[PDB]
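*Asks:*
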Amino acid sequence: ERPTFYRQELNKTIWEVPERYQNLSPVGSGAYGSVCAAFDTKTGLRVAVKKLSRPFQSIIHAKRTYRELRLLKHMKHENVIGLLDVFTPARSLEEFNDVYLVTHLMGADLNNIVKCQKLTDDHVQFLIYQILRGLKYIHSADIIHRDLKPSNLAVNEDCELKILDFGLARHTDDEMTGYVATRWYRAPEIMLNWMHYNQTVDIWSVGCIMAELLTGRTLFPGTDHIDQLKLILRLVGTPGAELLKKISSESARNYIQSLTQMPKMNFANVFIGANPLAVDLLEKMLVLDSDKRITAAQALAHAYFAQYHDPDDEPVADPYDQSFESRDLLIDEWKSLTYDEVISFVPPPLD
Ligand SMILES: CCNC(=O)NCc1ccccc1Sc1ccc2nnc(C(C)C)n2c1
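Numbering (my numbering), first residue to last: 356 to 706.
#1: Could you name each continuous alpha helix (DSSP H) segment of 4 residues or more that falls completely within the region 366 to 433, going from the start of the chain to the end?
#2: Can you give me the Cβ contacts of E696 inside the same chain, cut-off strictly under 6 Å, excluding the 5 residues immediately before and after it?
#3: Around ligand 1, what residues have a beta-carbon under 7 Å from a heavy atom of it, in chain order?
#4: On the CB-based measure, 16 or more other CB atoms within 10 Å of its CB, does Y455 come out buried or exposed?
#5: Over what stretch of residues does the beta strand (DSSP E) that includes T532 continue unbroken?
#6: Could you tell me the distance, in whole angstroms, from the CA atom of residue 296 to the CA atom of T570?
#7: Assuming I587 contacts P631 under a Cβ cut-off of 8 Å, what Cβ separation, rounded to an integer in Å, is found between them?
#8: Buried or exposed: where does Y421 fall if 16 or more other Cβ atoms within 10 Å of its Cβ makes it buried?
#9: So what does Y455 bridge to, in DSSP terms?
#10: Over what stretch of residues does the alpha helix (DSSP H) that includes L632 continue unbroken?
#11: With distances taken from CA atoms, which of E680, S691, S681, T650 is nearest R488?
#12: Find out if the Cβ-Cβ distance for the pair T396, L705 is shorter than 7 Å.
#13: How is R501 classed by DSSP in three states: helix, strand or coil?
#14: Quick check on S645: buried or exposed, where buried means 16 or more other Cβ atoms within 10 Å of its Cβ?
#15: I need the boundaries of the beta strand (DSSP E) containing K517, first residue and last residue.
#16: Does the region 408 to 422 come close enough to the region 519 to 528 that 3 or more CB-CB pairs lie under 8 Å?
#17: Does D687 pass the burial test, meaning 16 or more other C-beta atoms within 10 Å, or should it be called exposed?
#18: Threshold first: 4 residues or longer. Then list the alpha helix (DSSP H) segments lying entirely within the region 547 to 581, N to C.
#19: Determine the burial state of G562: buried for a count of at least 16 other Cβ atoms within 10 Å of its Cβ, exposed for fewer.
#20: What does the Cβ neighbour count give for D557, buried or exposed, with the cut at 16 atoms within 10 Å?
#21: Taking CB distances under 7 Å as the criterion, tell me whether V634 reaches chain C.
#22: Can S389 and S413 be called in contact, C-beta distance under 7 Å?
#23: Quick one: is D502 buried, meaning 16 or more other Cβ sit within 10 Å of its Cβ, or exposed?
#24: Given a cut-off of 7 Å on the beta-carbon distance, is the pair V479 and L568 in contact?
#25: Specify, as a first and last residue, the run of the beta strand (DSSP E) that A607 falls within.
#26: According to the neighbour-count rule (16 or more other Cβ atoms, all chains shown, within 10 Å of its Cβ), is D528 buried or exposed?
#27: Can you name the start and end residues of the beta strand (DSSP E) that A651 belongs to?
#28: Applying the 10 Å Cβ sphere with the 16-neighbour rule, what's the burial state of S560?
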């Protein structure tokens, strides 16, 4: 049956949501879009409710709405944000306009926990373990994050972590120019479009995050794309013959070769006093050639994680059908697909 919806005005927007969600309050200062913290009286959980803005304004935006809903519905992992609920006040497709997405509220992001501070090795262990556990699951569904950074990591009071914003196009709207955090975690092959990249772009990002948790400092705080590449190559060295063959962009390859060659720095000298196991894991993550980086699955089995690692509590995802990605549809066609996805949603069980 259809629950009873009630209306209210929030952020100069009308929020029509079921009665179960009480005490709606805007959160994140527009950082996560039109999101409200709410109390879900049916589960007892504190939830994050997003009212999608202009969901069907264009083919791209209609596809974006469908992609997000699809991605959120698929994810059923402790360290990955999932769908607790999805609703529309609309009684038919003819009246369908708005989509509301419901998930767990963690309350803070990785920066809102570790600002300018170098934390204990045990906290870094648990934080990186959870990122890697959730990334192993995301990658098993053949989904790439592409935007892995501390602002996309939802953390609660107990240091429990959920990954946000995986598999979306949304990050391509972000300003990537200058002295901006939105670029500091990006793998050089994605940042300078060196080749058709893979999931290993996310391992580079984990390395950037891990190093920053270890030292209390951004690993590559480049003032622009060029300055950041120079910071990167000073640490990991300039590409060798083999990687240069793999840089399919003639223009990028031609610019790389113009730079004075540098050897890879000694990671033990860069990361002074850090756990030798943490240093070892960092060397395997921050490899310039994406093909030679450690995978999330392999990194979970690393000795640095021995106190958390359990190969029977690190699950993989069910098959994720991405065939819609190559599909040419009209607004009305993406919209109807979304409506079907809203209407068919089955809630997770409540113990
Ligand atoms: C396809 C992947 N999509 C997402 O991860 N979307 C994020 C999202 C969906 C629905 C409602 C809100 C949000 S953003 C969000 C989610 C949980 C959460 N917990 N704490 C925070 C902020 C305030 C630190 N969250 C933000």
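Yeah, the Cβ is synthetic: ideal placement off N, Cα and C, and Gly gets one too.
*Replies:* Let's see:
#1: 414 to 429
#2: Within the same chain, and ignoring the five residues on either side of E696 in sequence, the residues whose Cβ sits closer than 6 Å to its Cβ are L424.
#3: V382, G383, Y387, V390, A403, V404, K405, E423, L426, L427, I436, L456, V457, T458, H459, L460, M461, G462, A463, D464, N467, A509, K517, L519, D520, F521, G522, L523
#4: buried
#5: Note, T532: premise wrong, no beta strand (DSSP E); not H, not E.
#6: There is simply no residue 296 to check, as the chain begins at 356 and stops at 706 in what is shown.
#7: The Cβ separation is near 23 Å, so there is no contact.
#8: buried
#9: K406, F442
#10: 631 to 640
#11: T650
#12: no
#13: coil
#14: buried
#15: Its beta strand (DSSP E) spans residues 516 to 518.
#16: With three or more CB-CB distances shorter than 8 Å, the region 519 to 528 counts as touching the region 408 to 422.
#17: exposed
#18: Within the region 547 to 581, the alpha helix (DSSP H) runs of at least 4 residues that lie entirely inside it are, in chain order, 556 to 570.
#19: Buried, since its Cβ has 16 or more Cβ neighbours within 10 Å.
#20: buried
#21: Among the chains of the structure shown, chain C does not appear; only one protein chain is present.
#22: No; because the gap between Cβ atoms is not below 7 Å, this pair is not in contact.
#23: Around the beta carbon of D502, a 10 Å sphere encloses 16 or more other beta carbons of the protein chains shown; the residue is thus reported as buried.
#24: yes
#25: Taken as a continuous stretch (DSSP letters only), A607 belongs to no beta strand (DSSP E), being part of the alpha helix (DSSP H) at 605 to 611.
#26: exposed
#27: Looking at the DSSP string, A651 is not in any beta strand (DSSP E); the run it does join, the alpha helix (DSSP H), is 651 to 655.
#28: buried
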